[PDB]
Amino acid sequence: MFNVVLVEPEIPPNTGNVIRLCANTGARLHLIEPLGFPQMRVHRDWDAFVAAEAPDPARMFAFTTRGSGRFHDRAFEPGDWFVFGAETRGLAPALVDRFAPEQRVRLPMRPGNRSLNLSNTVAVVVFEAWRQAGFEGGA
Amino acid sequence: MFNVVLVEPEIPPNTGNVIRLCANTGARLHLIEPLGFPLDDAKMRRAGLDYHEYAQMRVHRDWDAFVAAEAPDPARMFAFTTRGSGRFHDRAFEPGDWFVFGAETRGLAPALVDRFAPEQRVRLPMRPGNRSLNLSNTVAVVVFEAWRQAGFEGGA
Ligand SMILES: Nc1ncnc2c1ncn2[C@@H]1O[C@H](CSCC[C@H](N)C(=O)O)[C@@H](O)[C@H]1O
Ligand SMILES: [Cl-]
Ligand SMILES: [Cl-]
C-alpha cells in the first residue's frame with residue numbers, strides 16, 4: 001500500500017509502534033541499519049536499500065522538521081516511500097540533500113523548537129495517505 | 001482549541017507522549033481518574049517534560065465531575081470505541097471538539113459508551129484482524145485529522 005522507511009531508529013518502543021501501524025494499514029516497513037536495538041524488511045544500509053527496492057525518487061518523501069515541502073498540499077499515492085529519521089538527530093543532512101526540496105516534507109506544529117514523536121509522525125502520514133486512497137483494505 | 005480526554009489511562013509512556021503531542025498541536029489535555037500511575041512534578045520532569053508543557057492539563061476525579069466542570073457540547077464530543085461506531089474520518093470536526101479515549105488495554109467502559117449517541121462513536125480504520133494501535137499514535141492521528149479539516153490553523 002505504502003512504504004515506511006525508518007533510518008537508523010534508536011528507541012525500541014517507536015519501532016514496535018510502527019510495526020503495529022504497518023500491520024493495521026497494510027504499509028510495508030523498511031528498517032535501515034544500524035539500529036539502536038537488536039511485511040518487514042531490514043537493510044544493511046541506505047545504499048543497499050536503494051539497490052534492493054529501486055524506489056522511484058519522484059514518489060519518495062523525506063519527513064523532516066527542516067522541510068519546505070508542505071504536508072497540507074501533498075498528494076500521496078499507493079507505493080510511495082515515506083522516509084523518517086532517528087529520534088535524536090533526525091535524518092542525516094547529506095541524505096536529506098538527495099531529496100529535491102519539495103520532497104522534504106514538514107508536518108505543521110505550533111511555533112517553536114519542537115518535533116513530533118517518531119511513531120506519531122509515521123501514523124499521521126500513513127493515515128493521511130490512506131485517507132487519500134479511500135482507506136482501501138480497511139474495515 | 002481541540003480537547004483530548006484520556007479515561008483511566010494505564011501505560012505511563014502513552015500519557016507522556018500524549019502530553020507532548022498536545023503541546024505540539026495546541027490541544028488541551030484532560031485525564032479522568034483512576035489513573036494507572038501516579039503524577040508527580042518530579043516524575044514529569046524526570047520524563048523530560050517541562051512544567052509549562054503540562055501545567056494546563058486538567059485531572060478530573062471521575063467522569064461526572066469532568067462533565068460538570070467542563071460542560072462539553074455532547075454533539076461535539078466523540079468516543080473511541082468499536083461498539084456501534086462509524087469511521088472517524090467520516091465526520092466533520094470543528095475547533096473545540098472533544099475526543100474521548102479509553103485505556104489502551106481496556107477501551108472505554110460499556111457504561112460510558114452507552115452514554116454516547118451512535119453518531120458520536122468513532123474508530124480509526126483498520127485492516128481486519130489486527131491488534132489496535134498504540135494509544136499515543138491514535139491520539140496523534142485524531143488530532144492531526146481534525147487539524148487538517150481546520151486547515152492547520154495556527155500551525156506551520
Ligand atoms: N514536524 C515534523 N515534520 C516532519 N517530520 C517529523 C516532524 N517531527 C518529527 N518528524 C520525524 O520524526 C523523526 C524523529 S524526531 C527528530 C528530532 C530531531 N532532534 C529534530 O530536531 O528534528 C524525524 O527525523 C522526522 O522524520
Ligand atoms: Cl508528538
Ligand atoms: Cl493506556
# chains A, B, ... in the order shown; residues from 1 in each chain; ligands from 1
call {"tool": "residues_around", "arguments": {"residues": "residue A:68", "least_positions_apart": "6", "cutoff": "10 Å", "atoms": "only C-alpha atoms", "output": "ChimeraX atom specification"}}
result
/A:101-107
call {"tool": "write_last_selection", "arguments": {"atoms": "N, CA and C atoms", "output": "CSV table (one decimal), in the first residue's frame"}}
result
chain,number,residue,atom,x,y,z
A,101,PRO,N,14.0,19.7,-2.8
A,101,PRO,CA,13.5,20.4,-1.7
A,101,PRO,C,12.0,20.2,-1.5
A,102,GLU,N,11.2,20.1,-2.5
A,102,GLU,CA,9.7,19.9,-2.4
A,102,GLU,C,9.4,18.5,-1.9
A,103,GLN,N,10.3,17.6,-2.0
A,103,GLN,CA,10.2,16.3,-1.4
A,103,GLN,C,10.6,16.2,0.0
A,104,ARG,N,11.0,17.3,0.6
A,104,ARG,CA,11.4,17.3,2.1
A,104,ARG,C,10.2,17.9,2.8
A,105,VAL,N,9.4,17.1,3.5
A,105,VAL,CA,8.1,17.5,4.0
A,105,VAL,C,8.0,17.7,5.5
A,106,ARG,N,7.5,18.8,5.9
A,106,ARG,CA,7.4,19.1,7.3
A,106,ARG,C,5.9,19.0,7.7
A,107,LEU,N,5.6,18.3,8.8
A,107,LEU,CA,4.2,18.3,9.4
A,107,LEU,C,4.1,19.6,10.2
call {"tool": "interface_residues", "arguments": {"of": "chain A", "to": "chain B", "cutoff": "6 Å", "atoms": "only C-alpha atoms", "output": "list in words"}}
result
residues 24, 25, 108, 109, 110, 120, 124, 137, 138 and 139 of chain A
call {"tool": "residues_around", "arguments": {"residues": "stretch 18-23 of chain A", "least_positions_apart": "3", "cutoff": "7 Å", "atoms": "only C-alpha atoms", "output": "ChimeraX atom specification"}}
result
/A:14-15,26-29,119,123 /B:130,133
call {"tool": "write_last_selection", "arguments": {"atoms": "N, CA and C atoms", "output": "short mmCIF file (atom, residue, chain, number, x, y, z; two decimals), in the first residue's frame"}}
result
data_model
loop_
_atom_site.label_atom_id
_atom_site.label_comp_id
_atom_site.auth_asym_id
_atom_site.auth_seq_id
_atom_site.Cartn_x
_atom_site.Cartn_y
_atom_site.Cartn_z
N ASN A 14 9.30 2.86 19.66
CA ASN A 14 8.82 3.57 18.48
C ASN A 14 8.69 2.64 17.30
N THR A 15 9.64 1.73 17.18
CA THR A 15 9.62 0.81 16.08
C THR A 15 8.50 -0.20 16.33
N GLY A 26 -1.52 -1.86 6.23
CA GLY A 26 -1.03 -2.54 5.05
C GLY A 26 0.26 -1.92 4.54
N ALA A 27 0.85 -0.97 5.27
CA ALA A 27 2.13 -0.40 4.86
C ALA A 27 3.23 -1.42 5.02
N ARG A 28 4.19 -1.39 4.10
CA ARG A 28 5.39 -2.22 4.20
C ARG A 28 6.47 -1.44 4.97
N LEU A 29 7.12 -2.10 5.93
CA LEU A 29 8.11 -1.44 6.78
C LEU A 29 9.54 -1.78 6.38
N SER A 119 7.04 7.76 16.03
CA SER A 119 5.94 6.85 15.66
C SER A 119 4.65 7.60 15.37
N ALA A 123 2.41 7.56 11.88
CA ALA A 123 0.98 7.19 11.89
C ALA A 123 0.12 8.27 11.17
N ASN B 130 -6.25 -7.28 13.27
CA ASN B 130 -5.00 -6.79 13.83
C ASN B 130 -5.23 -6.20 15.22
N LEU B 133 -3.92 0.12 17.56
CA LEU B 133 -2.74 0.97 17.52
C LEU B 133 -2.32 1.36 18.93
#
call {"tool": "residues_near_ligand", "arguments": {"ligand": "ligand 3", "cutoff": "8 Å", "atoms": "only C-alpha atoms and all ligand atoms", "output": "list in words"}}
result
residues 8, 9, 10, 11, 12, 14, 15, 36, 102, 103, 104, 105 and 135 of chain B
call {"tool": "write_last_selection", "arguments": {"atoms": "N, CA, C and O atoms", "output": "short mmCIF file (atom, residue, chain, number, x, y, z; two decimals), in the first residue's frame"}}
result
data_model
loop_
_atom_site.label_atom_id
_atom_site.label_comp_id
_atom_site.auth_asym_id
_atom_site.auth_seq_id
_atom_site.Cartn_x
_atom_site.Cartn_y
_atom_site.Cartn_z
N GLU B 8 -9.10 6.90 32.37
CA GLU B 8 -8.40 5.87 33.11
C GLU B 8 -7.18 5.31 32.37
O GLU B 8 -7.05 4.09 32.21
N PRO B 9 -6.28 6.21 31.90
CA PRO B 9 -5.08 5.75 31.18
C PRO B 9 -4.23 4.84 32.08
O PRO B 9 -4.20 5.05 33.28
N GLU B 10 -3.55 3.87 31.49
CA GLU B 10 -2.84 2.83 32.26
C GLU B 10 -1.32 2.87 32.07
O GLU B 10 -0.57 2.74 33.04
N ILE B 11 -0.88 3.03 30.82
CA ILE B 11 0.55 2.93 30.48
C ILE B 11 1.20 4.31 30.51
O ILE B 11 0.88 5.15 29.65
N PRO B 12 2.12 4.55 31.48
CA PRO B 12 2.68 5.90 31.65
C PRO B 12 3.34 6.56 30.42
O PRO B 12 3.10 7.73 30.19
N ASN B 14 2.56 6.27 27.37
CA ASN B 14 1.48 6.76 26.49
C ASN B 14 1.01 8.15 26.87
O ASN B 14 0.82 9.00 26.00
N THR B 15 0.83 8.39 28.16
CA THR B 15 0.32 9.67 28.62
C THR B 15 1.41 10.70 28.42
O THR B 15 1.13 11.80 27.98
N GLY B 36 -3.51 4.73 36.03
CA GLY B 36 -2.77 3.50 36.31
C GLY B 36 -1.40 3.78 36.88
O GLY B 36 -0.58 2.89 36.99
N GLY B 102 -10.37 5.66 25.81
CA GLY B 102 -10.16 4.81 26.97
C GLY B 102 -8.77 4.21 27.06
O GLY B 102 -7.91 4.44 26.20
N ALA B 103 -8.54 3.43 28.09
CA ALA B 103 -7.23 2.79 28.30
C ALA B 103 -6.90 1.92 27.10
O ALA B 103 -7.78 1.28 26.55
N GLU B 104 -5.64 1.92 26.68
CA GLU B 104 -5.20 1.09 25.56
C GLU B 104 -5.58 -0.38 25.73
O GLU B 104 -5.96 -1.02 24.76
N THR B 105 -5.51 -0.89 26.96
CA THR B 105 -5.84 -2.30 27.20
C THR B 105 -7.35 -2.51 27.33
O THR B 105 -7.92 -3.37 26.66
N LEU B 135 -2.00 3.76 21.77
CA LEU B 135 -2.87 4.91 22.10
C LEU B 135 -2.26 6.27 21.69
O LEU B 135 -2.94 7.11 21.12
#
call {"tool": "residues_near_ligand", "arguments": {"ligand": "ligand 1", "cutoff": "9 Å", "atoms": "only C-alpha atoms and all ligand atoms", "output": "PyMOL selection string"}}
result
(chain A and resi 6-7+9+62-67+71+82-92+104-109+113-122) or (chain B and resi 24+156)
call {"tool": "select_by_dssp", "arguments": {"residues": "stretch 31-74 of chain B", "states": "strand (DSSP E)", "output": "list in words"}}
result
residues 31, 32, 58, 59 and 60 of chain B
call {"tool": "residues_around", "arguments": {"residues": "residue B:3", "least_positions_apart": "2", "cutoff": "7 Å", "atoms": "only C-alpha atoms", "output": "list in words"}}
result
residues 1, 5, 27, 28, 29, 96, 97, 98 and 99 of chain B
call {"tool": "select_by_dssp", "arguments": {"residues": "stretch 39-84 of chain B", "states": "helix (DSSP H, G or I)", "output": "VMD selection string"}}
result
chain B and resid 41 to 46 51 to 54 63 to 70 74 to 76
call {"tool": "residues_around", "arguments": {"residues": "residue B:75", "least_positions_apart": "3", "cutoff": "9 Å", "atoms": "only C-alpha atoms", "output": "list in words"}}
result
residues 72, 78, 97, 117, 119 and 120 of chain B
call {"tool": "write_last_selection", "arguments": {"atoms": "N, CA and C atoms", "output": "compact mmCIF listing (two decimals), in the first residue's frame"}}
result
# COMPACT_ATOMS: atom_id res chain seq x y z
N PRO B 72 -19.01 19.96 28.30
CA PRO B 72 -18.74 19.75 26.89
C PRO B 72 -20.01 19.57 26.08
N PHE B 78 -16.73 13.10 20.94
CA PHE B 78 -16.61 11.82 20.23
C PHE B 78 -15.88 10.78 21.08
N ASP B 97 -13.74 20.67 19.57
CA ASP B 97 -14.30 19.32 19.74
C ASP B 97 -13.50 18.51 20.78
N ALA B 117 -24.43 8.88 21.92
CA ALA B 117 -25.20 8.55 20.73
C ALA B 117 -24.30 7.89 19.67
N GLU B 119 -23.87 8.34 16.57
CA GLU B 119 -23.28 9.38 15.72
C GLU B 119 -21.95 9.87 16.26
N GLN B 120 -21.84 9.92 17.60
CA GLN B 120 -20.65 10.39 18.27
C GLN B 120 -19.64 9.28 18.57
